[PDB]
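Trainee: Before we start, here is the structure in question, set down as structure tokens.
Neighbour counts run over all protein chains shown; Cβ positions are idealised from the backbone, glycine included. Bear in mind these aren't lab numbers, they're just calculated from the coordinates by the rules spelled out.
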Amino acid sequence: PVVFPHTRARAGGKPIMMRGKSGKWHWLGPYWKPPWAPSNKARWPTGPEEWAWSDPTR
Amino acid sequence: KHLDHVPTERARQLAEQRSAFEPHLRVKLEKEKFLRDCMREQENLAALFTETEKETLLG
Amino acid sequence: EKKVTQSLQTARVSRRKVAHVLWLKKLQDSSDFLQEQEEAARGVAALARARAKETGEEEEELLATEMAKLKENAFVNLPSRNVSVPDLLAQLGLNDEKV
Amino acid sequence: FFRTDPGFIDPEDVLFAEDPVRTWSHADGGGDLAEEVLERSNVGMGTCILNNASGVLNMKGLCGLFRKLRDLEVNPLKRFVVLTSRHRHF
Amino acid sequence: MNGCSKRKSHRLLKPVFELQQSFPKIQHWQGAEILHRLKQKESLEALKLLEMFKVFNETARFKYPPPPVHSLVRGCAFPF
Amino acid sequence: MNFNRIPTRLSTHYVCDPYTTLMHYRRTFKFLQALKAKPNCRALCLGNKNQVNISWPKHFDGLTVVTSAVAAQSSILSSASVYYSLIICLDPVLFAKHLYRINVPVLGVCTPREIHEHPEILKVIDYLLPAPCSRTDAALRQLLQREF
Amino acid sequence: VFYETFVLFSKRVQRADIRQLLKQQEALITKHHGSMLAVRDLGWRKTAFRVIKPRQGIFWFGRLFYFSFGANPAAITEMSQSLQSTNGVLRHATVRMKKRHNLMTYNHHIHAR
Amino acid sequence: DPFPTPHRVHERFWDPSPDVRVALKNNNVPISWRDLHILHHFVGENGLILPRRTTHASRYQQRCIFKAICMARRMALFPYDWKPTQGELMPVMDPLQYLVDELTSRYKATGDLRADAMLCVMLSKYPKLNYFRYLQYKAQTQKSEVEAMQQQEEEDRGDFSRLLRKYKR
Amino acid sequence: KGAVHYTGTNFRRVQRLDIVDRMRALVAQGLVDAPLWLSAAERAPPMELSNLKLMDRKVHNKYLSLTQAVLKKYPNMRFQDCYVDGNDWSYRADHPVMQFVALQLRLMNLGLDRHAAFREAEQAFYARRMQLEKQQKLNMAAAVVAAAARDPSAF
Amino acid sequence: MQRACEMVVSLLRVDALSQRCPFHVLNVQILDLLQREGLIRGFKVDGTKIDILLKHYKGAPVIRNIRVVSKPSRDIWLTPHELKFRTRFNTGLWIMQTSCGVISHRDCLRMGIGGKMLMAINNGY
Amino acid sequence: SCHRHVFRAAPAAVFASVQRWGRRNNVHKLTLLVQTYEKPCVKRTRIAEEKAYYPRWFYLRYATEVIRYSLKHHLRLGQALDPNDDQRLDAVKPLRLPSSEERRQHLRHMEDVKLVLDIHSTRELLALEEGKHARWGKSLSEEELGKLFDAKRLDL
Amino acid sequence: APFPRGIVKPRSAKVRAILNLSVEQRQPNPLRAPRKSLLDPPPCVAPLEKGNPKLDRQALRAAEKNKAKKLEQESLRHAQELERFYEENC
RNA sequence: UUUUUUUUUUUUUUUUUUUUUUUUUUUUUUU
RNA sequence: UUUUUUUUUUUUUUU
RNA sequence: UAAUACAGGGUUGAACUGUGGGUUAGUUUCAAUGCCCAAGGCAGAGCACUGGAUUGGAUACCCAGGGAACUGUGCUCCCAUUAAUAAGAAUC
RNA sequence: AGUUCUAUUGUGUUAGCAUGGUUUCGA
């Protein structure tokens, strides 16, 4: 089968932080991955370390 | 659209492999031969072996 | 071909649910109060029925009366006597040198 | 280990391996590579690759081969024509 | 008769002058002030030594001098 | 030790391919054979100061001394197309701005490392010659001229 | 779902009080369609710094207790407020019961190796 | 006189100390507020939280560690401006369990005789306790009994048992 | 405004002409006389170099991922050739680590799978240790024993 | 129609050997006409994308200028007698989309049928 | 909080340690900020600027260390690394023991107490190996210990 | 690290060189711009010296250049000394 | 105004994510 | 006397 | 911004679906600070205001007091208007 | 692209708690 990718546009908007002395987010927080970001494999080539946990089921 | 018949790369690769009864992809490395330059470099030396055109440089 | 994948999906979820049952079984075994309250409950049940057959009274009053008392006397076998002081224990184990 | 040893292999040499058959991936019009005869537009040279399922040279292959050979030979720009094949060990 | 076959030439054994770390180029005027502060906490100065490694950035009033061309030509003439 | 970034993509060099060297020498030999037949032919061997293994003379014909004032890319070897007929440059990277519009054949001998990083040298060089081991031209040509 | 609570008693707490406290708690559990799991004790614990609680005094140590239960999620607020009013209890916290990390199934080979 | 190594390094290169590396894994168990004997390493003299460039830990576990230490302080189970003491280095568990566990390691490293005796008595006294490690070690002493069979057959020139084991190739 | 044409005048398209072509025009135009070496290069024009660099391609380095598994199972490879320059452990072609992985990639080209290559490579190198290295060492050691002329009883 | 105009960006490159292109039915037919004139060395459909080679001569590429006439938002049509005036005293290549397939501008005038100017190759002003 | 004890040390030396302790914890910086009220807008720009200057200082500090380290040792690194360079031992005297094939040749060009010391020393070795003096000194030949002695009779 | 309450979005190159870590000019993108080369024409700039142009064709500062071009150059000689003939050709 | 001690009231960003590490992957011809 | 300022004053404590 | 309750977003695994989309009024939520109204109070700060300085001729700069303004389900978007100066597709 | 299930949570709301600068008190 042959299928083409879909549009990268999605609902919502970009993260925005409220102004003033009261620091608070408006739509999204810091942990937001844009639709045009690269693959996770290339961003973290090192991967889990030897002393890392092999079960993140906290 | 998923049922469309378009000639892709993997589609043709599988067709050739199916013909071989239970003949796979193979690659070839560059051919490095020492006689290509070993037996030819000496000829070029004759064009400059004269003492009046070699000693001045490598003196 | 879609029907073939239906059988595979059922097997996949079945294995996942099997592991879940094992976790709950551990809790039951590990739980002391659960067993203790359960055990007590059963005993009273038979005594009320047996006593009623002799005197001839109704089982509603006997059962009711006994039920109430079990909850009041539930915390009687606690705390398992754990008077051990870690601070003191460690000192004798060559692990603490403060007094 | 030493570079002068008999059983010495350069890791870089084996890293740049390529398939000679894949070199002829591009051809003339038609994305699906199924024509009995192929041609590549070159400057002063005429390319002709004989690609077939089992190298069977039937009447279909001859009809195309004759046309390409005559078309390139008549052209004065193409001073010579090269011929080759595409099958593996055939 | 079981000693090493290859000579010892590792950098760790023999200290040398080098920089085992990369950083983006910095403006000459920005780094000049920082270097002066370190020297205050008490041969050629350190400012010139770092310039040979191409550490600073090409600012308006600072450009890398070109290589020596007029004092580096050495040719030989011979018949052929 | 090294604390810098480790590269991932390995670029290939086709200009200095082992097979390409076969045609490079064959084509170059034909040009030199025909030139030496003619009478009164002179060549030029341009090198670098770091090349201690190659002896150099005191004076150099065609050398022009200029000053910093009004020197917008002055051509040093401007008059080197009268007495000479063949220049063999050993450092095309350094001698790149002067040989841009030279009226003589340039037999440059560069290395794959410089060719890939500085492809501009391909336009000035007419006849490309390979360089085995590609380390130092001073000791490279000596071995070729002293074979066997 | 399952829940956990760690209660730190004082020196001024007798066995009489402990039984009473637990009995009261069980009332709420049953109210909200729940059931007690198990009750255990941890003994005494040393405090890093002095505890100054108003209208209670100053203490340097206490008895640490642990008990597991399960009820409706809305029962956490009722339980939390009851502990604060009662005397003896100087500090307490409620921690949700996890699948892997727990004081029931995972209690061995912590400090050793 | 080793070469001066820069303190600021990319995250790709890191060489945590062996002592702290083993404590991070915690036998593939996430660190929680109960692990009091492990949080004492991730704290300075003033009691402040160390950065990710000092403890040398991953991004996921860095946030979890901060939560465990923060909660322990609220419970009056951790200092606020100094390091813990020797009397507070113990996880949140059964006091009796600590003793048993402790003793098992000594019997396995050097083989303390006193430790063995203690456990023996405790076995019966506290049947409701975990003895998996203690039982496994004793059950593994069968190598001494089987060695007798090898010696007994040695009198009859029975060396075939040794050659077969060595004939691995 | 300014260099806003990705596909246009930004990318120059100037023809590349060699000395043979440039000299042919000047002589015909009558600007410069024909030199004595003009005909020498006419019969053997230089080889084109612009089209040769187009074949250059970048390939992925498979040794970065393959070498990780080799050291994990046999981490005793870094000890060999440690004091030599070029080797880092915070490798040269001659290093054992590079030799072992080289055979694995070569074997996979024939058609063998990734896992199958590991078994073949392990056995291929094992023989060299027992059939050549072990034999050589033992042979030499034997001769040492024969050197008993120092003993008074030897004669 | 939108994918047709996206081929000029990829094919108009100097320092490159092969460039990808989205797969389309109309795009395949266009490449056939260009290859006949000797402008494209070759092309291959690699599934979801088409790999098209680039032709070079003495450094500079064979293609130096590309003009898009037709656009998805409108449609340019010229009568047989009007195309000659537009295209005169030039060596350019105009792609004409007639009812009987796709042909160049030279063939459109021969038949005398009303085509459609799609794009221009090697065209000046 | 920081506490130090003076033991066999001058007060001046001890006082120099506590002074640097505040710099790590920014005790002085925080004390002055709270004294005066700072507008939130100023902190927005000041917090960002400190994230670009401090990182640059660390890189420059390491560079100065190399200059001082190299000054006391001289030397300098250059582009000396080259793959095409076999790092072989120079002069390389130590070699495998002779296989008896070359031992005989050595005596052929050294026959001529100084230079005649080898006479009667190495000669007895050859005779002993062949089994001329002692019946137990006979050794084995190199051609009868590898064909059917190690490739088939291996212990493994 | 500190918890920023916002972010700065400068537009001029004056302040952009302070807030940002660096303003070094990276390699131009080949897909948008050509690769820079030394063969390009030089910029049209007249020579100036303290405001007085020089358009005619006819000690501390000097010491600094000698300390870097002489002392450093001698070190490179020793590197090649033991590679050319004295050790490379036995 | 300094030091010390023992429980009133308002308020809640000090510590805790980072060498900007994809073909470096992007900012505007000229002076 | 204390507080404060480049300097000073106003203000506050009273055996 | 440790604990707990309600409900979103992002990353990965399986199943399903088999062109579902880009932009967006005669449209609809949210939106720093200031002002009207309302609720309010017992801390830390301060505009107006006679409260201790000016000049080489004029002042709010440097202290202290000081009843507006500082938590809103509301009225409500004037600005240097909240994460660059393009909401999408193609060339790595 | 979207729905279901599973792992993950300094993103919105949230009444009591712990700690702390200032302030307040003196059997």
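Trainee: Looking only at helices (runs of 4 or more DSSP H) that lie completely in the range F:78-148, which have at least 3 residues being within 12 Å of chain L (Cβ to nearest Cβ) and over 23 Å from F:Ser55 (Cα atoms)?
Mentor: F:121-124
Trainee: Going by the structure shown, is K:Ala13 assigned to a helix (DSSP H, G or I), more than 16 Å from RNA strand P (Cβ to nearest atom) and among the small types (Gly, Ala, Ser)?
Mentor: yes
Trainee: Which helices (runs of 4 or more DSSP H) sit wholly inside chain B and have at least 1 residues that are closer than 30 Å to D:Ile9 by Cα?
Mentor: B:35-38, B:41-46
Trainee: Is it true that E:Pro68 is away from chain L (no Cβ under 14 Å) and more than 15 Å from the chain's Cα centre (by Cα)?
Mentor: no
Trainee: In the range I:73-91, how many are at the interface with another protein chain (Cβ under 7 Å from one of its Cβ atoms) and either hydrophobic (A, V, I, L, M, F, W, C) or surrounded by fewer than 18 Cβ atoms within 10 Å (Cβ to Cβ) (or both)?
Mentor: Summing the residues that are at the interface with another protein chain (Cβ under 7 Å from one of its Cβ atoms) and either hydrophobic (A, V, I, L, M, F, W, C) or surrounded by fewer than 18 Cβ atoms within 10 Å (Cβ to Cβ) (or both) in the range I:73-91 gives 4.
Trainee: Go through the range C:1-33 and count every residue that is more than 16 Å from RNA strand P (Cβ to nearest atom), assigned to a helix (DSSP H, G or I) and away from chain G (no Cβ under 14 Å).
Mentor: 3
To keep it simple, each residue is scored yes or no on (1) within 30 Å of I:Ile19 (Cα to Cα); (2) under 21 Å from the mean Cα position of the chain (by Cα).
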| residue | (1), (2) |
| --- | --- |
| I:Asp56 | yes, yes |
| I:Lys73 | no, no |
| I:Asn87 | no, yes |
| I:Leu105 | no, yes |
| I:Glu122 | no, no |
| I:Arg128 | no, no |
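Trainee: Going by the structure shown, is F:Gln33 surrounded by 15 or more Cβ atoms within 10 Å (Cβ to Cβ), more than 19 Å from the chain's Cα centre (by Cα) and within 7 Å of another protein chain (Cβ to nearest Cβ)?
Mentor: yes
Trainee: Moving to a separate point now. Which residues, taken from the range G:66-94, are more than 14 Å from every other protein chain (Cβ to nearest Cβ), within 16 Å of RNA strand M (Cβ to nearest atom) and surrounded by 14 or more Cβ atoms within 10 Å (Cβ to Cβ)?
Mentor: Passing the criteria: only G:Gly88.
Trainee: Here's another thing I want to ask about it. What is the number of the single condition among (1) within 14 Å of chain C (Cβ to nearest Cβ); (2) among the basic types (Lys, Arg); (3) away from RNA strand P (no atom under 16 Å from the Cβ) that G:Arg113 does not meet?
Mentor: Here G:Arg113 clears every test but (1).
Trainee: List the number of the failed condition for I:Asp94; all other conditions in (1) more than 20 Å from F:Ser11 (Cβ to Cβ); (2) more than 13 Å from chain E (Cβ to nearest Cβ); (3) surrounded by 13 or more Cβ atoms within 10 Å (Cβ to Cβ) hold.
Mentor: With respect to (1) more than 20 Å from F:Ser11 (Cβ to Cβ); (2) more than 13 Å from chain E (Cβ to nearest Cβ); (3) surrounded by 13 or more Cβ atoms within 10 Å (Cβ to Cβ), I:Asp94 is out only on (2).
Trainee: Same structure again: Take L:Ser37 and decide whether it is part of a loop (DSSP other than H, G, I, E, B), more than 9 Å from RNA strand M (Cβ to nearest atom) and within 8 Å of another protein chain (Cβ to nearest Cβ).
Mentor: In short, yes.
Trainee: Any idea which of (1) surrounded by 14 or more Cβ atoms within 10 Å (Cβ to Cβ); (2) assigned to a loop (DSSP other than H, G, I, E, B) is the one I:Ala40 doesn't satisfy?
Mentor: Among (1) surrounded by 14 or more Cβ atoms within 10 Å (Cβ to Cβ); (2) assigned to a loop (DSSP other than H, G, I, E, B), I:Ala40 violates only (2).
For (1) aliphatic (A, V, I, L, M); (2) away from RNA strand O (no atom under 16 Å from the Cβ), each residue gets a yes or a no:
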{"position": "H:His7", "(1), (2)": "no, yes"}
{"position": "H:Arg12", "(1), (2)": "no, yes"}
{"position": "H:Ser17", "(1), (2)": "no, yes"}
{"position": "H:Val22", "(1), (2)": "yes, yes"}
{"position": "H:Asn26", "(1), (2)": "no, yes"}
{"position": "H:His40", "(1), (2)": "no, yes"}
{"position": "H:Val43", "(1), (2)": "yes, no"}
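Trainee: Considering each of E:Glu51, E:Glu18 in turn, give the residue that is within 11 Å of chain L (Cβ to nearest Cβ), more than 16 Å from RNA strand O (Cβ to nearest atom), among the acidic types (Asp, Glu) and surrounded by 13 or more Cβ atoms within 10 Å (Cβ to Cβ).
Mentor: Criteria check complete, one pass: E:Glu51.
Trainee: Does L:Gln73 satisfy being within 12 Å of chain E (Cβ to nearest Cβ) and more than 24 Å from E:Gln27 (Cα to Cα)?
Mentor: Criteria met by L:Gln73.
Trainee: Looking at K:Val42, K:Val66 in this structure, which one is away from chain E (no Cβ under 14 Å) and part of a helix (DSSP H, G or I)?
Mentor: K:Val42
Trainee: Is there a residue in the range L:51-68 that is over 30 Å from E:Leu49 (Cβ atoms) and in contact with a strand residue (DSSP E or B) (Cβ under 9 Å, 6 or more places away or on another chain)?
Mentor: Yes.
Trainee: Still on this structure, please answer the following. When you scan the range H:56-109, how many residues do you find that are over 13 Å from H:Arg34 (Cα atoms), in a helix (DSSP H, G or I) and more than 16 Å from RNA strand O (Cβ to nearest atom)?
Mentor: Qualifying residue count, the range H:56-109: 17.
Trainee: Being surrounded by 12 or more Cβ atoms within 10 Å (Cβ to Cβ) and not polar (S, T, N, Q) is the filter here, so list the residues in the range D:19-31 that pass it.
Mentor: D:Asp19, D:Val21, D:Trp24, D:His26, D:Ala27, D:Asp28, D:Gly29, D:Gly30, D:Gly31
Trainee: Looking at the range H:73-85, I want the residues that are closer than 20 Å to K:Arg4 by Cβ and more than 7 Å from every other protein chain (Cβ to nearest Cβ) and have a partner that is surrounded by fewer than 17 Cβ atoms within 10 Å (Cβ to Cβ) and of a type in the set (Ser, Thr, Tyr) with Cβ atoms under 9 Å, at least 6 apart or on another chain. Which pairs are those?
Mentor: So the pair list comes out as H:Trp82/K:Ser1.
Trainee: For the range J:1-106, which fully contained strands (runs of 3 or more DSSP E) count at least 3 residues that are at the interface with another protein chain (Cβ under 9 Å from one of its Cβ atoms) and surrounded by 14 or more Cβ atoms within 10 Å (Cβ to Cβ)?
Mentor: Fully inside the range J:1-106 and qualifying: J:43-45, J:49-53.
Trainee: Return yes when A:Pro35 is surrounded by fewer than 10 Cβ atoms within 10 Å (Cβ to Cβ) and within 13 Å of RNA strand M (Cβ to nearest atom) and no when it is not.
Mentor: Answer is yes for this residue.
Trainee: Residue check: is D:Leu38 touching a helix residue (DSSP H, G or I) at 6+ places or on another chain (Cβ under 8 Å), more than 14 Å from chain J (Cβ to nearest Cβ) and surrounded by 15 or more Cβ atoms within 10 Å (Cβ to Cβ)?
Mentor: Spelling it out, it is not the case that D:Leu38 is touching a helix residue (DSSP H, G or I) at 6+ places or on another chain (Cβ under 8 Å), more than 14 Å from chain J (Cβ to nearest Cβ) and surrounded by 15 or more Cβ atoms within 10 Å (Cβ to Cβ).
Trainee: A further question follows. Here is a list of conditions, (1) farther than 20 Å from L:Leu21 by Cβ; (2) away from chain L (no Cβ under 11 Å); (3) assigned to a loop (DSSP other than H, G, I, E, B), and E:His36 meets all of them except one; can you say which number that is?
Mentor: With respect to (1) farther than 20 Å from L:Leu21 by Cβ; (2) away from chain L (no Cβ under 11 Å); (3) assigned to a loop (DSSP other than H, G, I, E, B), E:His36 is out only on (3).
Trainee: So, G:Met97, is that one within 14 Å of chain C (Cβ to nearest Cβ), over 17 Å from G:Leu28 (Cα atoms) and near RNA strand O (Cβ under 10 Å from one of its atoms) or not?
Mentor: yes
Trainee: Name every residue in the range A:18-46 that is away from RNA strand O (no atom under 13 Å from the Cβ) and either within 14 Å of chain L (Cβ to nearest Cβ) or not β-branched (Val, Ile, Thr) (or both), in order of residue number.
Mentor: Residue satisfying the conditions is A:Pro45 alone.
Trainee: Going through the range G:66-87 one residue at a time, which ones are away from RNA strand O (no atom under 16 Å from the Cβ) and not hydroxyl-bearing (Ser, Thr, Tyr)?
Mentor: Hit for the range G:66-87 is G:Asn87, nothing else.
Trainee: Oh, and also: Could you tell me whether any residue of the range F:7-19 is part of a helix (DSSP H, G or I), more than 16 Å from RNA strand M (Cβ to nearest atom) and surrounded by fewer than 16 Cβ atoms within 10 Å (Cβ to Cβ)?
Mentor: no
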